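Enquirer: This is the structure, below, for whatever I ask next.
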Amino acid sequence: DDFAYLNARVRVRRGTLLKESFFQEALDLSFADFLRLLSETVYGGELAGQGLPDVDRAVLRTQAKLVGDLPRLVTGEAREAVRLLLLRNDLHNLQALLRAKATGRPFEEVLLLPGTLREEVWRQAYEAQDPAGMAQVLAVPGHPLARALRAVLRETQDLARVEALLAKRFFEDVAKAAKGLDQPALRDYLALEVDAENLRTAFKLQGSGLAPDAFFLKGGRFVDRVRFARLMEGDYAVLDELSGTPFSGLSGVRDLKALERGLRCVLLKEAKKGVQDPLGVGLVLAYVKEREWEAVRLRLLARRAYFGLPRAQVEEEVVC
Amino acid sequence: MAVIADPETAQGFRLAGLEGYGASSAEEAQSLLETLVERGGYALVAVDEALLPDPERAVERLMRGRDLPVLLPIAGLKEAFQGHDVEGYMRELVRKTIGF
Amino acid sequence: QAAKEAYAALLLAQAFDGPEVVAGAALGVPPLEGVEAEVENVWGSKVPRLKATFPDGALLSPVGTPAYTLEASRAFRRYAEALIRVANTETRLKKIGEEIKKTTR
């Protein structure tokens, strides 16, 4: 088991989270100066090159050593909990690996990382060509995407459809486990994260050629399978009947930028109150969310700084 | 397709709408441009003004006729780029018909 | 200006989801001879013209940055459509080349 040491290490690491006043000074900066600014902080100890892809890799190396070792440093109930947050990034990693296997293109041009599923596991999966070999490799850690996969892949081996159904079964299983750890901050975070996911998923995956009801998930509020199909066709009249959410004020808006800003800023504030339950997974949950949103923000600023895009194109996003 | 420009703008040809994996490699991206169009089997060949082909004549002199998949100047970089008005007007009148 | 808008504000979050959008697409991008080639008689004989009309797609992209992605995928309309403009005006330019040469001669 055991979160005591883990929680203690994670608090010390908070001492080096990038502050809001960073991103104020940063907006006034071009790319060369942002890099000089960036190298002072802890991402800076992994910063390399003057190219943009070399920065992207430098973010990945920071994330590896400060977030991706975290399931490994603890066991039992603690490992399952840290795992559940990391699983969602593993789900991006599996989908990309699986696609490289199915479409016959290199291992390369995927985003991997270590956590529950290590760098070599993904390498082993790629190297097990047969779907059955593939299925057993993934069963080795025993992790919830395996158990979702075993059920899913029996029905159908159509790639885009495997992904979709892998997501729904994976989320039905997750929703229960995360509600079930009985931490009130995580449960409140979970209901909004789910409501938010159903909305967001419909925007991204419209025009895929798949079912609407293969993108629904357990934790959902006023939303139902019928409404998800309504949205996937492109109707925002679902939102004027959606209420009780704190997202209720993003209703009536068609502008993509303004909607996504509002969902994201709420979830940020929600997770930050996770320190009112630092016990358990609270403190690491808060940590993962703040460090992800800083990396996104590092990337938005860099691009804005290099290419001469407006100050306001990112200044609005960085202050919630 | 085969459309290429700067890196950031090259990303989205990697997705759908357009096909592409390149970016710059030369002055007009000759390394890719010539070699590629030799086959010409691509759905579209568009070379943006992010590379800038000053000798659009190199491709025409070598192809010796083909309007099927051959560069179309657009822009490929943002600086509130909508300057292909004042540029195209002068690019047409000067060499074809009477000057401005 | 709304084409480049989303485009340029994404590269580092993705760059391995090029794969994702093309895969998931159901004939959303023709890599070889997807164009709509047109035959067209003019002074300097049959010169072929053509318009950039192929399916391009709009908001079918996942991952990246939640807002910039969606936006970028919507931008695809503003590639396909706009390029047709130049597909028929620049090609006309070449037809009038012939005209001009034979004429001025």
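Letters A, B, ... mark the chains of the structure tokens in the order given; residue numbers begin at 1 per chain; ligand numbers begin at 1, in order shown.
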Please tabulate, as a tab-separated table, the residues of chain A that come within 8 Å of chain B, each with its closest pair of atoms and the distance in Å to one decimal, counting only C-alpha atoms and ordering rows by chain, then residue number upward.
Expert:
residue	atom	partner	partner_atom	distance
A:307	CA	B:78	CA	7.8
A:308	CA	B:79	CA	7.3
A:309	CA	B:78	CA	7.7
Enquirer: Please save N, CA and C atoms of the selected residues as a PDB file, in the first residue's frame.
Expert:
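Everything below was put into selection_14.pdb:
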ATOM      1  N   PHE A 307       5.796  32.194 -34.000  1.00  0.00           N
ATOM      2  CA  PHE A 307       5.246  32.387 -35.298  1.00  0.00           C
ATOM      3  C   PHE A 307       4.646  33.774 -35.511  1.00  0.00           C
ATOM      4  N   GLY A 308       4.631  34.570 -34.430  1.00  0.00           N
ATOM      5  CA  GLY A 308       4.143  35.944 -34.416  1.00  0.00           C
ATOM      6  C   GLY A 308       2.680  36.094 -34.267  1.00  0.00           C
ATOM      7  N   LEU A 309       1.956  35.032 -33.813  1.00  0.00           N
ATOM      8  CA  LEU A 309       0.532  35.038 -33.522  1.00  0.00           C
ATOM      9  C   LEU A 309       0.283  36.003 -32.409  1.00  0.00           C
TER      10      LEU A 309
END
Enquirer: Residues within 8 Å of residue 247 of chain A, please, as a list in words. Count only C-alpha atoms; anything in the same chain fewer than 4 positions from it doesn't count.
Expert: residues 243, 251, 262 and 263 of chain A
Enquirer: Once you have the residues from the selection above, write them out as a short mmCIF file (atom, residue, chain, number, x, y, z; two decimals), in the first residue's frame, restricted to N, CA and C atoms.
Expert:
data_model
loop_
_atom_site.label_atom_id
_atom_site.label_comp_id
_atom_site.auth_asym_id
_atom_site.auth_seq_id
_atom_site.Cartn_x
_atom_site.Cartn_y
_atom_site.Cartn_z
N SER A 243 -28.74 21.31 -17.92
CA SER A 243 -28.78 22.34 -16.92
C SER A 243 -28.32 21.56 -15.73
N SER A 251 -23.60 27.15 -22.29
CA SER A 251 -24.76 26.87 -23.13
C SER A 251 -25.08 28.10 -23.93
N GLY A 262 -14.03 27.33 -20.94
CA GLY A 262 -14.86 27.11 -19.83
C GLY A 262 -14.92 25.73 -19.19
N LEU A 263 -14.86 24.66 -20.00
CA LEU A 263 -14.88 23.34 -19.41
C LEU A 263 -13.57 23.11 -18.63
#
Enquirer: Could you tell me which residues of chain C sit within 9 Å of chain B when counting only C-alpha atoms, and give me the result as an mmCIF file with N, CA, C and O atoms, in the first residue's frame?
Expert:
data_model
loop_
_atom_site.group_PDB
_atom_site.id
_atom_site.type_symbol
_atom_site.label_atom_id
_atom_site.label_comp_id
_atom_site.auth_asym_id
_atom_site.auth_seq_id
_atom_site.Cartn_x
_atom_site.Cartn_y
_atom_site.Cartn_z
ATOM 1 N N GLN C 1 -7.127 33.976 -43.789
ATOM 2 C CA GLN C 1 -6.614 34.312 -42.474
ATOM 3 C C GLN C 1 -7.223 33.421 -41.455
ATOM 4 O O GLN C 1 -6.635 33.145 -40.434
ATOM 5 N N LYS C 4 -5.118 29.627 -41.528
ATOM 6 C CA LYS C 4 -3.803 29.524 -40.899
ATOM 7 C C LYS C 4 -4.016 29.539 -39.372
ATOM 8 O O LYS C 4 -3.216 29.031 -38.572
ATOM 9 N N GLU C 5 -5.119 30.281 -38.924
ATOM 10 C CA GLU C 5 -5.541 30.629 -37.554
ATOM 11 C C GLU C 5 -5.269 29.535 -36.482
ATOM 12 O O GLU C 5 -4.747 29.796 -35.425
ATOM 13 N N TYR C 7 -4.248 26.214 -37.529
ATOM 14 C CA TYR C 7 -3.108 25.556 -38.086
ATOM 15 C C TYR C 7 -1.852 25.773 -37.344
ATOM 16 O O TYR C 7 -1.122 24.873 -36.990
ATOM 17 N N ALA C 8 -1.474 27.073 -37.173
ATOM 18 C CA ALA C 8 -0.174 27.478 -36.777
ATOM 19 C C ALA C 8 -0.032 27.393 -35.318
ATOM 20 O O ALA C 8 1.106 27.395 -34.813
ATOM 21 N N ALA C 9 -1.153 27.299 -34.580
ATOM 22 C CA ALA C 9 -1.236 27.224 -33.168
ATOM 23 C C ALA C 9 -1.360 25.756 -32.751
ATOM 24 O O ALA C 9 -1.820 25.531 -31.658
ATOM 25 N N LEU C 10 -0.900 24.783 -33.678
ATOM 26 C CA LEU C 10 -0.794 23.399 -33.275
ATOM 27 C C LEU C 10 0.310 22.683 -34.017
ATOM 28 O O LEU C 10 0.451 22.862 -35.255
ATOM 29 N N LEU C 11 1.198 21.876 -33.253
ATOM 30 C CA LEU C 11 2.293 21.227 -33.942
ATOM 31 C C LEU C 11 2.764 20.294 -32.762
ATOM 32 O O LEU C 11 2.987 19.069 -32.994
ATOM 33 N N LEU C 12 3.056 20.916 -31.606
ATOM 34 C CA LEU C 12 3.805 20.170 -30.507
ATOM 35 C C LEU C 12 2.826 19.230 -29.753
ATOM 36 O O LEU C 12 3.257 18.121 -29.497
ATOM 37 N N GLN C 14 0.306 17.525 -30.946
ATOM 38 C CA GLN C 14 0.042 16.489 -31.906
ATOM 39 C C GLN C 14 1.340 16.056 -32.550
ATOM 40 O O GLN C 14 2.310 15.909 -31.798
ATOM 41 N N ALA C 15 1.425 15.856 -33.894
ATOM 42 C CA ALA C 15 2.547 15.436 -34.690
ATOM 43 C C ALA C 15 2.677 13.904 -34.605
ATOM 44 O O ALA C 15 3.770 13.347 -34.679
ATOM 45 N N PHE C 16 1.570 13.220 -34.431
ATOM 46 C CA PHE C 16 1.564 11.787 -34.369
ATOM 47 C C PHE C 16 0.091 11.468 -34.377
ATOM 48 O O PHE C 16 -0.343 10.352 -34.188
ATOM 49 N N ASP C 17 -0.764 12.449 -34.660
ATOM 50 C CA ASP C 17 -2.192 12.351 -34.793
ATOM 51 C C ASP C 17 -2.515 12.699 -36.200
ATOM 52 O O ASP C 17 -3.682 12.767 -36.618
ATOM 53 N N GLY C 18 -1.464 12.745 -37.009
ATOM 54 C CA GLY C 18 -1.567 12.857 -38.512
ATOM 55 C C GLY C 18 -2.128 11.537 -38.896
ATOM 56 O O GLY C 18 -3.265 11.537 -39.225
ATOM 57 N N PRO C 19 -1.399 10.499 -38.560
ATOM 58 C CA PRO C 19 -1.874 9.127 -38.474
ATOM 59 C C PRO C 19 -3.416 8.988 -38.100
ATOM 60 O O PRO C 19 -4.037 8.252 -38.872
ATOM 61 N N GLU C 20 -3.864 9.633 -36.941
ATOM 62 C CA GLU C 20 -5.171 9.464 -36.364
ATOM 63 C C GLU C 20 -6.240 9.943 -37.334
ATOM 64 O O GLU C 20 -7.153 9.263 -37.641
ATOM 65 N N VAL C 21 -6.137 11.193 -37.830
ATOM 66 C CA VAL C 21 -7.125 11.721 -38.762
ATOM 67 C C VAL C 21 -7.270 11.088 -40.144
ATOM 68 O O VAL C 21 -8.331 11.030 -40.741
ATOM 69 N N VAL C 22 -6.103 10.564 -40.590
ATOM 70 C CA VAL C 22 -6.232 9.917 -41.891
ATOM 71 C C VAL C 22 -6.864 8.540 -41.824
ATOM 72 O O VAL C 22 -7.601 8.085 -42.681
ATOM 73 N N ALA C 25 -10.784 8.619 -40.802
ATOM 74 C CA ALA C 25 -11.452 9.081 -42.009
ATOM 75 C C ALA C 25 -11.997 8.039 -42.875
ATOM 76 O O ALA C 25 -11.322 7.115 -43.143
ATOM 77 N N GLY C 28 -12.089 10.594 -46.539
ATOM 78 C CA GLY C 28 -11.920 12.003 -46.250
ATOM 79 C C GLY C 28 -10.667 12.608 -46.836
ATOM 80 O O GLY C 28 -10.532 13.819 -46.665
ATOM 81 N N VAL C 29 -9.762 11.867 -47.567
ATOM 82 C CA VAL C 29 -8.587 12.460 -48.154
ATOM 83 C C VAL C 29 -8.100 11.425 -49.216
ATOM 84 O O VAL C 29 -7.741 10.340 -48.910
ATOM 85 N N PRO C 30 -8.087 11.789 -50.528
ATOM 86 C CA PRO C 30 -7.675 10.893 -51.646
ATOM 87 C C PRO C 30 -6.209 11.206 -51.846
ATOM 88 O O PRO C 30 -6.043 12.321 -52.257
ATOM 89 N N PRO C 31 -5.182 10.331 -51.633
ATOM 90 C CA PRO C 31 -3.790 10.771 -51.772
ATOM 91 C C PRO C 31 -3.418 10.751 -53.196
ATOM 92 O O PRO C 31 -2.588 11.626 -53.495
ATOM 93 N N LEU C 32 -3.964 9.868 -54.059
ATOM 94 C CA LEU C 32 -3.452 9.827 -55.465
ATOM 95 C C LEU C 32 -4.707 10.015 -56.345
ATOM 96 O O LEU C 32 -5.707 9.283 -56.219
ATOM 97 N N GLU C 33 -4.641 10.990 -57.292
ATOM 98 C CA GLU C 33 -5.561 11.487 -58.345
ATOM 99 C C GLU C 33 -6.953 11.727 -57.796
ATOM 100 O O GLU C 33 -7.922 11.174 -58.374
ATOM 101 N N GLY C 34 -7.123 12.523 -56.722
ATOM 102 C CA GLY C 34 -8.397 12.831 -56.104
ATOM 103 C C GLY C 34 -9.049 14.001 -56.733
ATOM 104 O O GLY C 34 -10.185 14.325 -56.400
ATOM 105 N N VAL C 35 -8.351 14.719 -57.595
ATOM 106 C CA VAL C 35 -8.821 15.896 -58.228
ATOM 107 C C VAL C 35 -9.863 15.655 -59.262
ATOM 108 O O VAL C 35 -9.986 14.619 -59.851
ATOM 109 N N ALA C 37 -10.538 16.680 -62.564
ATOM 110 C CA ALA C 37 -9.969 17.198 -63.766
ATOM 111 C C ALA C 37 -11.015 17.458 -64.783
ATOM 112 O O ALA C 37 -11.947 16.654 -65.013
ATOM 113 N N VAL C 47 -6.618 22.173 -73.388
ATOM 114 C CA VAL C 47 -5.791 22.407 -72.249
ATOM 115 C C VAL C 47 -6.645 21.849 -71.161
ATOM 116 O O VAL C 47 -7.901 22.079 -71.248
ATOM 117 N N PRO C 48 -6.120 21.094 -70.177
ATOM 118 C CA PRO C 48 -7.020 20.572 -69.188
ATOM 119 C C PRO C 48 -6.979 21.549 -68.062
ATOM 120 O O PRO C 48 -5.909 22.103 -67.946
ATOM 121 N N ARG C 49 -8.063 21.758 -67.303
ATOM 122 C CA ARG C 49 -8.190 22.626 -66.228
ATOM 123 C C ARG C 49 -8.591 21.710 -65.129
ATOM 124 O O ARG C 49 -8.475 20.481 -65.388
ATOM 125 N N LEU C 50 -8.978 22.211 -63.943
ATOM 126 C CA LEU C 50 -9.316 21.358 -62.891
ATOM 127 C C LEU C 50 -9.476 22.237 -61.738
ATOM 128 O O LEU C 50 -9.034 23.397 -61.714
ATOM 129 N N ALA C 52 -10.065 21.735 -57.328
ATOM 130 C CA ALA C 52 -9.668 21.054 -56.143
ATOM 131 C C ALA C 52 -10.939 20.705 -55.312
ATOM 132 O O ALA C 52 -11.286 21.396 -54.345
ATOM 133 N N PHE C 54 -12.527 17.516 -53.603
ATOM 134 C CA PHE C 54 -12.350 16.245 -53.038
ATOM 135 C C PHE C 54 -12.903 16.566 -51.657
ATOM 136 O O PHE C 54 -12.908 17.698 -51.137
ATOM 137 N N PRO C 55 -13.329 15.508 -50.913
ATOM 138 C CA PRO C 55 -13.732 15.607 -49.535
ATOM 139 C C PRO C 55 -12.558 15.947 -48.676
ATOM 140 O O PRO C 55 -11.440 15.462 -48.987
ATOM 141 N N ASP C 56 -12.713 16.853 -47.704
ATOM 142 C CA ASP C 56 -11.692 17.570 -46.950
ATOM 143 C C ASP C 56 -12.017 17.400 -45.472
ATOM 144 O O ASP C 56 -11.109 16.994 -44.787
ATOM 145 N N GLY C 57 -13.304 17.539 -45.065
ATOM 146 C CA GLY C 57 -13.836 17.144 -43.786
ATOM 147 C C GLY C 57 -13.755 18.327 -42.874
ATOM 148 O O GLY C 57 -13.082 19.285 -43.207
ATOM 149 N N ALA C 58 -14.461 18.284 -41.756
ATOM 150 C CA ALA C 58 -14.541 19.487 -40.852
ATOM 151 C C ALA C 58 -14.921 18.842 -39.506
ATOM 152 O O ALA C 58 -15.920 18.185 -39.506
ATOM 153 N N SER C 61 -11.345 15.606 -35.983
ATOM 154 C CA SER C 61 -10.019 15.338 -35.402
ATOM 155 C C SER C 61 -10.132 15.193 -33.927
ATOM 156 O O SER C 61 -10.822 16.017 -33.396
ATOM 157 N N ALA C 72 -8.932 23.626 -36.195
ATOM 158 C CA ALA C 72 -7.940 23.254 -37.223
ATOM 159 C C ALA C 72 -8.548 22.401 -38.219
ATOM 160 O O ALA C 72 -8.422 22.536 -39.485
ATOM 161 N N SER C 73 -9.359 21.430 -37.710
ATOM 162 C CA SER C 73 -10.178 20.457 -38.574
ATOM 163 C C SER C 73 -11.263 21.227 -39.372
ATOM 164 O O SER C 73 -11.442 20.919 -40.531
ATOM 165 N N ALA C 75 -11.014 24.339 -40.360
ATOM 166 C CA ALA C 75 -10.174 25.024 -41.315
ATOM 167 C C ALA C 75 -9.968 24.341 -42.603
ATOM 168 O O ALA C 75 -9.720 25.079 -43.562
ATOM 169 N N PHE C 76 -10.106 23.016 -42.616
ATOM 170 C CA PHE C 76 -9.953 22.240 -43.821
ATOM 171 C C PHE C 76 -10.858 22.690 -45.049
ATOM 172 O O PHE C 76 -10.383 22.887 -46.154
ATOM 173 N N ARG C 77 -12.090 23.138 -44.761
ATOM 174 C CA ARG C 77 -13.020 23.784 -45.726
ATOM 175 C C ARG C 77 -12.366 24.872 -46.413
ATOM 176 O O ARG C 77 -12.595 25.080 -47.568
ATOM 177 N N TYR C 79 -9.236 25.277 -47.132
ATOM 178 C CA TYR C 79 -8.168 24.853 -47.978
ATOM 179 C C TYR C 79 -8.798 24.522 -49.317
ATOM 180 O O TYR C 79 -8.598 25.268 -50.253
ATOM 181 N N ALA C 80 -9.575 23.401 -49.290
ATOM 182 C CA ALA C 80 -10.311 22.863 -50.407
ATOM 183 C C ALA C 80 -10.986 23.918 -51.200
ATOM 184 O O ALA C 80 -10.437 24.365 -52.220
ATOM 185 N N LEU C 83 -8.564 27.035 -52.609
ATOM 186 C CA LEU C 83 -7.775 26.478 -53.721
ATOM 187 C C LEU C 83 -8.482 26.256 -55.022
ATOM 188 O O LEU C 83 -7.861 26.259 -56.088
ATOM 189 N N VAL C 86 -8.071 29.636 -57.301
ATOM 190 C CA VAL C 86 -6.786 29.689 -57.935
ATOM 191 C C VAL C 86 -6.682 28.619 -58.868
ATOM 192 O O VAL C 86 -5.813 28.622 -59.697
ATOM 193 N N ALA C 87 -7.527 27.548 -58.800
ATOM 194 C CA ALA C 87 -7.390 26.344 -59.631
ATOM 195 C C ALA C 87 -7.842 26.702 -61.022
ATOM 196 O O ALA C 87 -7.582 25.981 -61.965
ATOM 197 N N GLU C 90 -5.589 30.751 -62.021
ATOM 198 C CA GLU C 90 -4.228 30.529 -62.493
ATOM 199 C C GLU C 90 -4.144 29.663 -63.742
ATOM 200 O O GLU C 90 -3.162 29.609 -64.459
ATOM 201 N N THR C 91 -5.150 28.824 -64.067
ATOM 202 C CA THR C 91 -5.061 27.884 -65.130
ATOM 203 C C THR C 91 -5.428 28.687 -66.331
ATOM 204 O O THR C 91 -4.832 28.402 -67.352
ATOM 205 N N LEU C 93 -4.747 31.687 -66.668
ATOM 206 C CA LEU C 93 -3.531 32.462 -66.841
ATOM 207 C C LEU C 93 -2.739 31.768 -67.882
ATOM 208 O O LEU C 93 -2.365 32.371 -68.951
ATOM 209 N N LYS C 94 -2.487 30.480 -67.778
ATOM 210 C CA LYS C 94 -1.712 29.694 -68.753
ATOM 211 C C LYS C 94 -2.341 29.645 -70.105
ATOM 212 O O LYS C 94 -1.640 29.827 -71.063
ATOM 213 N N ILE C 96 -4.349 31.956 -71.518
ATOM 214 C CA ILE C 96 -4.098 33.272 -72.036
ATOM 215 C C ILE C 96 -2.596 33.418 -72.373
ATOM 216 O O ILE C 96 -2.319 34.240 -73.254
ATOM 217 N N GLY C 97 -1.694 32.576 -71.898
ATOM 218 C CA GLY C 97 -0.244 32.525 -72.306
ATOM 219 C C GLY C 97 -0.088 32.299 -73.760
ATOM 220 O O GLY C 97 0.476 33.070 -74.521
ATOM 221 N N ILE C 100 -1.702 35.243 -75.947
ATOM 222 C CA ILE C 100 -0.621 36.289 -75.898
ATOM 223 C C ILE C 100 0.534 35.983 -76.879
ATOM 224 O O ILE C 100 0.837 36.816 -77.719
#
Enquirer: Can you pull out the residues contacting residue 116 of chain A? Cut-off 10 Å, using only C-alpha atoms, and skip same-chain residues under 3 positions away; I want them as a list in words.
Expert: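 Final neighbour list, sorted by chain and number: residues 68, 69, 70, 71, 72, 79, 80, 82, 83, 84, 86, 87, 90, 113, 119, 121, 141, 142 and 143 of chain A.
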Enquirer: Using DSSP secondary structure from the backbone, list all strand (DSSP E) positions within chain B, as a PyMOL selection string.
Expert: chain B and resi 2-4+45-47
Enquirer: So that I have them on file, write out the residues from the current selection with C-alpha atoms, as a tab-separated table (two decimals), in the first residue's frame.
Expert:
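In the end it all went to part.tsv:
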chain	number	residue	atom	x	y	z
B	2	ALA	CA	1.83	16.85	-51.44
B	3	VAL	CA	1.64	20.25	-49.76
B	4	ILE	CA	4.34	21.53	-47.62
B	45	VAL	CA	0.88	19.73	-55.74
B	46	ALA	CA	0.81	23.13	-54.09
B	47	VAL	CA	3.72	25.16	-53.18
Enquirer: I'd like to know which of A:51, A:319, A:19, A:95 is closest to residue 31 of chain A, using only C-alpha atoms.
Expert: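 Closest candidate: A:51.
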Enquirer: Within 7 Å of chain C, which residues belong to chain A? Use only C-alpha atoms and report them as an MDAnalysis selection string.
Expert: chainID A and resid 53 56 109:111 160 203:209 256:257 260 299:300 303:304
Enquirer: Could you name the residues that touch residue 199 of chain A at 10 Å or less, counting only C-alpha atoms, but leaving out those on the same chain fewer than 6 positions away, as a PyMOL selection string?
Expert: chain A and resi 216+223+228+231-232+239+259-260+263
Enquirer: Near residue 45 of chain C, counting only C-alpha atoms, which residues have an atom at most 10 Å away, once you skip same-chain residues fewer than 3 positions from it, shown as a PDB file with N, CA, C and O atoms, in the first residue's frame?
Expert:
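Done, and the output landed in result.pdb:
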ATOM      1  N   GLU C  40     -11.071  21.262 -71.460  1.00  0.00           N
ATOM      2  CA  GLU C  40     -11.530  22.584 -71.761  1.00  0.00           C
ATOM      3  C   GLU C  40     -10.816  23.107 -73.014  1.00  0.00           C
ATOM      4  O   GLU C  40      -9.575  23.135 -73.098  1.00  0.00           O
ATOM      5  N   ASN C  41     -11.662  23.431 -73.973  1.00  0.00           N
ATOM      6  CA  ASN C  41     -11.245  23.884 -75.296  1.00  0.00           C
ATOM      7  C   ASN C  41     -11.050  25.324 -75.292  1.00  0.00           C
ATOM      8  O   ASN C  41     -11.933  26.014 -74.784  1.00  0.00           O
ATOM      9  N   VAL C  42      -9.972  25.835 -75.802  1.00  0.00           N
ATOM     10  CA  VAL C  42      -9.635  27.238 -75.774  1.00  0.00           C
ATOM     11  C   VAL C  42      -8.740  27.418 -76.879  1.00  0.00           C
ATOM     12  O   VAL C  42      -8.341  26.451 -77.573  1.00  0.00           O
ATOM     13  N   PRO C  48      -6.120  21.094 -70.177  1.00  0.00           N
ATOM     14  CA  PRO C  48      -7.020  20.572 -69.188  1.00  0.00           C
ATOM     15  C   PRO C  48      -6.979  21.549 -68.062  1.00  0.00           C
ATOM     16  O   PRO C  48      -5.909  22.103 -67.946  1.00  0.00           O
ATOM     17  N   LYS C  95      -3.692  29.486 -70.271  1.00  0.00           N
ATOM     18  CA  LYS C  95      -4.454  29.498 -71.535  1.00  0.00           C
ATOM     19  C   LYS C  95      -4.221  30.799 -72.288  1.00  0.00           C
ATOM     20  O   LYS C  95      -3.889  30.879 -73.471  1.00  0.00           O
ATOM     21  N   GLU C  98      -0.709  31.198 -74.223  1.00  0.00           N
ATOM     22  CA  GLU C  98      -0.833  30.784 -75.619  1.00  0.00           C
ATOM     23  C   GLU C  98      -1.289  31.911 -76.572  1.00  0.00           C
ATOM     24  O   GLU C  98      -0.560  32.329 -77.517  1.00  0.00           O
TER      25      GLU C  98
END
Enquirer: Which residues are close to residue 30 of chain B, i.e. within 10 Å by only C-alpha atoms, leaving aside same-chain residues fewer than 3 positions away? Reply as a PDB file with N, CA, C and O atoms, in the first residue's frame.
Expert:
ATOM      1  N   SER B  24      10.062  22.884 -45.419  1.00  0.00           N
ATOM      2  CA  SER B  24      11.138  23.460 -46.250  1.00  0.00           C
ATOM      3  C   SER B  24      12.388  22.638 -46.301  1.00  0.00           C
ATOM      4  O   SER B  24      12.702  21.866 -45.438  1.00  0.00           O
ATOM      5  N   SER B  25      13.139  22.762 -47.335  1.00  0.00           N
ATOM      6  CA  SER B  25      14.328  21.967 -47.400  1.00  0.00           C
ATOM      7  C   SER B  25      15.317  22.745 -48.224  1.00  0.00           C
ATOM      8  O   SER B  25      16.517  22.493 -48.273  1.00  0.00           O
ATOM      9  N   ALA B  26      14.857  23.808 -49.014  1.00  0.00           N
ATOM     10  CA  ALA B  26      15.672  24.591 -49.884  1.00  0.00           C
ATOM     11  C   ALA B  26      15.051  25.965 -49.856  1.00  0.00           C
ATOM     12  O   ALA B  26      14.256  26.253 -49.009  1.00  0.00           O
ATOM     13  N   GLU B  27      15.413  26.678 -50.933  1.00  0.00           N
ATOM     14  CA  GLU B  27      14.790  27.919 -51.345  1.00  0.00           C
ATOM     15  C   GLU B  27      13.391  27.861 -51.813  1.00  0.00           C
ATOM     16  O   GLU B  27      12.493  28.693 -51.496  1.00  0.00           O
ATOM     17  N   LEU B  33      10.121  18.946 -54.259  1.00  0.00           N
ATOM     18  CA  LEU B  33       9.444  19.468 -55.391  1.00  0.00           C
ATOM     19  C   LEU B  33       9.639  18.798 -56.687  1.00  0.00           C
ATOM     20  O   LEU B  33       8.680  18.301 -57.294  1.00  0.00           O
ATOM     21  N   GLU B  34      10.933  18.752 -57.166  1.00  0.00           N
ATOM     22  CA  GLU B  34      11.239  18.178 -58.434  1.00  0.00           C
ATOM     23  C   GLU B  34      11.034  16.728 -58.479  1.00  0.00           C
ATOM     24  O   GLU B  34      10.153  16.319 -59.242  1.00  0.00           O
ATOM     25  N   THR B  35      11.742  16.009 -57.571  1.00  0.00           N
ATOM     26  CA  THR B  35      11.661  14.572 -57.386  1.00  0.00           C
ATOM     27  C   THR B  35      10.287  13.993 -57.342  1.00  0.00           C
ATOM     28  O   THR B  35       9.898  13.248 -58.220  1.00  0.00           O
ATOM     29  N   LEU B  36       9.414  14.499 -56.411  1.00  0.00           N
ATOM     30  CA  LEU B  36       8.022  14.258 -56.359  1.00  0.00           C
ATOM     31  C   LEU B  36       7.204  14.460 -57.616  1.00  0.00           C
ATOM     32  O   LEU B  36       6.499  13.520 -57.949  1.00  0.00           O
ATOM     33  N   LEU B  51       7.496  29.136 -49.022  1.00  0.00           N
ATOM     34  CA  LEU B  51       8.807  28.701 -49.660  1.00  0.00           C
ATOM     35  C   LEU B  51       9.103  29.777 -50.597  1.00  0.00           C
ATOM     36  O   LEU B  51      10.226  30.283 -50.507  1.00  0.00           O
ATOM     37  N   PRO B  53       8.287  30.327 -54.808  1.00  0.00           N
ATOM     38  CA  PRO B  53       9.017  29.941 -55.975  1.00  0.00           C
ATOM     39  C   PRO B  53       9.063  31.134 -56.844  1.00  0.00           C
ATOM     40  O   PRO B  53       8.137  31.395 -57.631  1.00  0.00           O
ATOM     41  N   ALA B  58      11.044  27.001 -63.684  1.00  0.00           N
ATOM     42  CA  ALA B  58      11.831  25.767 -63.613  1.00  0.00           C
ATOM     43  C   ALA B  58      11.036  24.496 -63.846  1.00  0.00           C
ATOM     44  O   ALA B  58      11.277  23.632 -64.711  1.00  0.00           O
ATOM     45  N   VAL B  59       9.920  24.399 -63.044  1.00  0.00           N
ATOM     46  CA  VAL B  59       8.868  23.403 -63.227  1.00  0.00           C
ATOM     47  C   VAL B  59       8.263  23.450 -64.578  1.00  0.00           C
ATOM     48  O   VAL B  59       8.050  22.371 -65.174  1.00  0.00           O
TER      49      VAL B  59
END
Enquirer: State, in Å with one decimal place, the distance from atom CA of residue 101 of chain A to atom CA of residue 170 of chain A.
Expert: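 Pair atom CA of residue 101 of chain A / atom CA of residue 170 of chain A returns 20.6 Å.
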